[PDB]
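A quick write-up on the structure given underneath.
In this analysis, Cβ positions are derived from the backbone assuming ideal geometry, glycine residues included, and neighbour counts consider all displayed protein chains. Every read-out reported here was derived from the displayed coordinates using simple, explicitly stated rules and does not represent laboratory data.
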Ligand SMILES: Nc1ncnc2c1ncn2[C@@H]1O[C@H](COP(=O)(O)OP(=O)(O)OP(=O)(O)O)[C@@H](O)[C@H]1O
Ligand SMILES: [Mg+2]
């Protein structure tokens, strides 16, 4: 059972919208981060609860 | 003397900084019809140039 | 020594500031007040999620603008306009909305790594009278650099415009370099320092834009003192001759005339120039009213060196053996950088020993090494 319910779970896990690599240029103290996406430009965007 | 050097860095670090993201005090309500410029497009435009 | 108590006192003021600061941030920064809560609420309601950095090319006075994004496509953006219609200008970084691009807000400031070279974080650990000696040709640099910042009140009694500009010139090593860095510790106003070998570049067209910049930043902060160290370096340094050469050097000089005074009416840029090639400069540079009092420096005289040498040996270990007066006898109208290289090389003799005493023998020996430098790129011996 451990085996078959790991496969069935991986099918969901693999489905993404795309998840990027960014790099922090600098923070701003509004609780936002200026991030330059490595191919793309810069966007100030909020952060999660784990960081 | 090294304690002097350390504590100045620590005061600044814990105090935090601030970087303005402009507003205006003579404004405190803008979204009664700011959302008409927003969210319900009326519209911002791709700029072009006539060639023919 | 014996300053332990005052350093503990300073430290004690620091403990109290760190403490109350920290607790104030922590939990009693109470955001349960409505003038905090309600202002941020409806500010974030129009403000993004992705904030789409743009670059403002120009504004239109119908509450619109044309931005060009670094990603590509332009947009004819609106403006929410609680952000003060007229507070944003070409060259701004603007926050566009992740839906219909509207100017959510405006970033106040942004910077270059090329102005990092210009600007400074430093706070010299030398203050004046580590320039002790040459103490009347330094009233021409603290009566026209320091003083009108300190007192404009004196220049109001007489009225008319206050001083502007100096050119320092004389022999190398006679303190020109440290003079500029010593008035900047006193005045505590934006000290820019730029080398003249970076104003000379191996690429054209960007030469003038660099030179135009220095004073535009400098005027932008209301007080600034711009040290151009080595404007003697613009005719003796040059790379290739097909993107350097006459042309590069001529343009940059031309730019500087407009900047230095010209028609800009920019902010306060007190200028300090060090040079000993003053005849490779324009007549509209060394023109009066951009140089007001110009300072000449020549080699000290015998009794001036006594002032110089006592500054330098106070930092060192001493004995009763040491005699400064006979080190002075040997030198004859030499620079204070020569004197300063004897005291530096005297501890190199102490380093060589691994003996922490400095003695009259160590100062005399390094005297001979210092005089070895002067006359052994010479090969006459006696003047032929
Ligand atoms: N008249 C003086 N009074 C006190 N100190 C001096 C004097 N002249 C030189 N010195 C010491 O010698 C130093 C070396 O000087 P610095 O390197 O600033 O000289 P310089 O004249 O600027 O050299 P350059 O000719 O290479 O431009 C200074 O840092 C300073 O402490
Ligand atoms: Mg120098």
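Over chain C, all Cα pairs binned in 10 Å intervals from 0 give whole-percent P(r) values of 4, 15, 19, 21, 19, 12, 6, 3, 0, 0, listed from short to long. At an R0 of 35 angstrom, the distance between the Cβ atoms of residue C:36 and residue B:8 translates into a FRET efficiency of 0.75.
Just check the range C:294-381 against the gyration tensor rule for me: Cα atoms, a ≥ b ≥ c as the square roots of the eigenvalues, rounded for a/c under 1.5, and otherwise prolate or oblate depending on whether a/b exceeds b/c. Oblate, because a/c is 1.5 or more while a/b does not exceed b/c.
Taking Cα atoms only, the orientation of helix C:302-312 departs from the longest principal axis of chain C by about 60 degrees. Remark: the Cα gyration tensor places the range C:107-184 in the oblate category, a/c being 1.5 or greater and a/b not exceeding b/c. Taking chain C as a Gaussian network of alpha-carbon nodes connected by springs under 10 Å, the highest mean-square fluctuation of the residues C:154, C:285, C:18 belongs to C:18. Residue ranges A:28-36, C:123-131 sort as A:28-36, C:123-131 when ordered by packing (mean number of other C-beta atoms within 10 Å per residue, highest first).
Packing, as the average of other Cβ atoms within 10 Å across residues, places the peptides C:88-94, B:21-27 in the order C:88-94, B:21-27, highest first.
State the Kirkwood hydrodynamic radius of the range C:156-314 in Å, one decimal place, computed from all pairs of distinct Cα atoms.
About 17.1 Å for the range C:156-314.
Counting only other chain Cβ atoms within 10 Å of each residue's Cβ, the peptide B:38-47 averages 6.
Over the range C:76-216, all Cα pairs binned in 5 Å intervals from 0 give whole-percent P(r) values of 2, 7, 12, 13, 12, 12, 12, 10, 7, 5, 4, 2, 1, 0, listed from short to long. Taking one quarter of the surface of the convex hull spanned by the alpha-carbon atoms of the range C:215-309 gives a direction-averaged projected area of 8.7 nm². Axis angle, to the nearest 10 degrees, between helix C:245-260 and the longest C-alpha principal axis of chain C: 70 degrees.
Within the listed set C:39, C:279, C:368, the Gaussian network model of chain C (springs between alpha-carbon atoms below 10 Å) gives the highest mean-square fluctuation for C:39. Calculated FRET efficiency, residue C:68 to residue C:112, Cβ-Cβ distance, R0 = 22 Å: about 0.70 to the nearest 0.05.
Helix C:360-375 axis versus longest C-alpha principal axis of chain C: approximately 80°, rounded to the nearest ten. Treating r as the C-beta distance of residue C:24 and residue C:251 and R0 as 56 Å, the FRET efficiency rounds to 0.55. For the range C:325-371, the square roots of the Cα gyration tensor eigenvalues, ordered a ≥ b ≥ c, give a/c of at least 1.5 with a/b greater than b/c, which places it in the prolate category. Were the residues from residue C:151 through residue C:222 laid out at 0.36 nm apart, the gain over their Cα-Cα distance would be 24.0 nm.
Shielding by partners for peptide B:4-14, expressed as the average number of C-beta atoms from other protein chains within 10 Å of each residue's C-beta, is 3.
Rg/Rh for the protein assembly as shown: what does it come to with C-alpha atoms and Rh from Kirkwood? A ratio of 1.07. Springs between Cα atoms under 10 Å define the GNM used for chain C, and in it the highest mean-square fluctuation of C:20, C:38, C:345 occurs at C:20.
Convex hull volume of the Cα atoms of chain A, normalised per residue: 112 Å³. Divided by 2.2 N^0.38 Å, where N counts the residues, the Cα radius of gyration of the range C:3-110 comes to 1.64.
Just checking the output field for C:13-24: average partner chain Cβ neighbours within 10 Å of each residue's Cβ? Counting other chains' Cβ atoms within 10 Å and averaging over C:13-24 gives 3. Dimensions of the range C:50-145 from C-alpha coordinates, computed as largest minus smallest value along each principal axis and given longest first, are 67, 25, 20 Å.
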